[PDB]
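Protein chains in written order, with full-length UniProt numbering: chain A, 52 to 102; chain B, 42 to 94; chain C, 35 to 84.
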């Protein structure tokens, strides 16, 4: 039961889509931050529920 | 070392208060871009967007 | 000296112990169940890996 469950849970992470990676340049006044996405351009984007 | 050390404790309270203000303030983040006569603009603006050009 | 009865144990055997004995039959059944369930996750384990 532990083993079969894990092999399926890692598969579930693959199927659901990618991620990227930025660095916060500054904080803006709508509760969003100015990120520079390192391999592309900038995007201004909302905080998490843990952040 | 009495003449400065007694009263120094009192200043440390003052430094602590200077720490407390910046975070207290930073907790509150709101916009609006533009002014009140340009709040009318958006009611129109919704429409001009749904149209393609 | 002492204070015991033998009457009580014998009574407990006909009455109370028989109802525990139904329960031990169920743990037998559980025994059987977790053979089929073990085999099943083994089928699924293979299917996951594929």
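Cβ coordinates follow ideal geometry from the N, Cα and C atoms, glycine included.
| Asked | Found |
| --- | --- |
| Length of the line joining the Cα atoms of residue 54 of chain A and residue 79 of chain C | 7 Å |
| Unbroken alpha helix (DSSP H) run spanning residue 55 of chain B, endpoints | 43–67 |
| Sequence-distant residues of its chain with Cβ nearer than 7 Å to residue 73 of chain A (five each side left out) | 86, 87, 88, 89 |
| DSSP three-state assignment for residue 104 of chain A, whether helix, strand or coil | As displayed, chain A neither begins before 52 nor continues past 102, which places residue 104 of chain A out of reach and without an answer. |
| Distance between residue 61 of chain C and residue 37 of chain C (C-alpha atoms, nearest Å) | 36 Å |
| Nearest-angstrom beta carbon gap, residue 82 of chain C and residue 95 of chain A [assumed within contact, 8 Å] | Not a contact, Cβ separation roughly 41 Å. |
| CB-CB length for residue 83 of chain A against residue 97 of chain A, believed under 8 Å | 5 Å |
| Limits of the unbroken alpha helix (DSSP H) element including residue 76 of chain B | No alpha helix (DSSP H) contains residue 76 of chain B, which DSSP labels as neither H nor E. |
| The beta strand (DSSP E) enclosing residue 94 of chain A, as first and last residue numbers | 93–97 |
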